[PDB]
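Just so you know, structure 1 and structure 2 below are the same protein chain in two forms, each on its own as structure tokens.
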Structure 1
């Protein structure tokens, strides 16, 4: 029985590694490669539109990698199209917020953005300081718990595979997939003596919702702005 659970762990971690966007060692190595005060000023001089366009392009890209993640989770493609959409709609952005913590450097409070690391001030042109500060605090809180790759991979699978999502057709098919992931994650946390980390997670719902709202706002108003 153990070997199957350990196989499902390795299956979820494989699915995650292939869809991670960047390798973690790449993000950690690039931490030294930091934006200059001049390169910061370049980003601060851009238009609100141009800076939101870039960030929405990266959010959109990130959501497409989570769909590739879900597609490789055993049982998810067996679900009906409606359920796949309902789960990804309700889960995708929170998996992005969680995946983002890997590209956050707690030492200097800087994030990987378009080839180098910089601080909150890199995003002044979004005129959303409170939102920026919150996504930074969130990434800081997950960074400080030292979530391994395995933990992120299993946790983000459980953010997606949730049978409580309003609008599901095959609830029982989703519960079977969720339960198997809970077994697997529970076995992993026991082995590693990390049972208690999910008590210490900051809440992500409100932040994900705002990030989704901003992405939609830019789709809706594209014709008021250049191509």
Structure 2
């Protein structure tokens, strides 16, 4: 892009796509912070079977991914890429975007996340048998939350998470690069304008998101090997398309 007016238009446009595609409004999440699972409800979650809690989490991830697909669809540049590259970007990026969007549902004051109508701590997911992954996700959401990420910042940051020209498989790499660089300009322009450039150094390191995605795939492979019929019969087709 040439001149601040085109960069600023991009900023507004990305922010709007984000707002239209966020699954939950931020104030609905904040208004729920006192609604916390009782110890008896926690125990109830801990006693659920591994396979049932996997299914539930997969369903919830699938719904979050659907909103990310709509996000990508509303970024003009994205829909200008060829279909192969759309899919490449979404298969590598969708989970990473959800993982970023989850910080909004995380309360750093008590280390809880909004899940199925109330806030609960990481002990809520014990039945999954992936304590390392869960703990890493909670830690990631705590990092971002410490930054006090604004809605506008999440918009712009998650547009960049998705439009990543380093994804293996991209055919029009140069085109993705151009889009990535215009979105980087937009993000950094907005940071500069809002006096928020101090967060650049505090953003999680490159590959952190990749590490969570790969743990997620690795824990999935173990679960699937234990319960292959559950995955086939009861995991969402989109989920399996992105991760199996």
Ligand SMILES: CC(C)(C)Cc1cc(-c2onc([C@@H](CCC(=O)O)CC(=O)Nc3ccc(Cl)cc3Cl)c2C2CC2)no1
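Positions refer to the first chain, counted from 1. Take the two forms, find the largest set of C-alpha atoms that superpose within 1.5 Å, and that set is the rigid core.
- Of the two forms shown, structure 1 is the one deposited with the named molecule bound.
- With the core superposed, residue 210 shows a C-alpha displacement of at least 2 Å between structure 1 and structure 2.
- Relative displacement of the residue 222 Cα between structure 1 and structure 2 on rigid core alignment is 8.0 Å.
- Core-based superposition between structure 1 and structure 2 puts the Cα shift at residue 105 at 0.3 Å.
- The rigid core superposition between structure 1 and structure 2 gives a CA shift for residue 199 of 2.0 Å.
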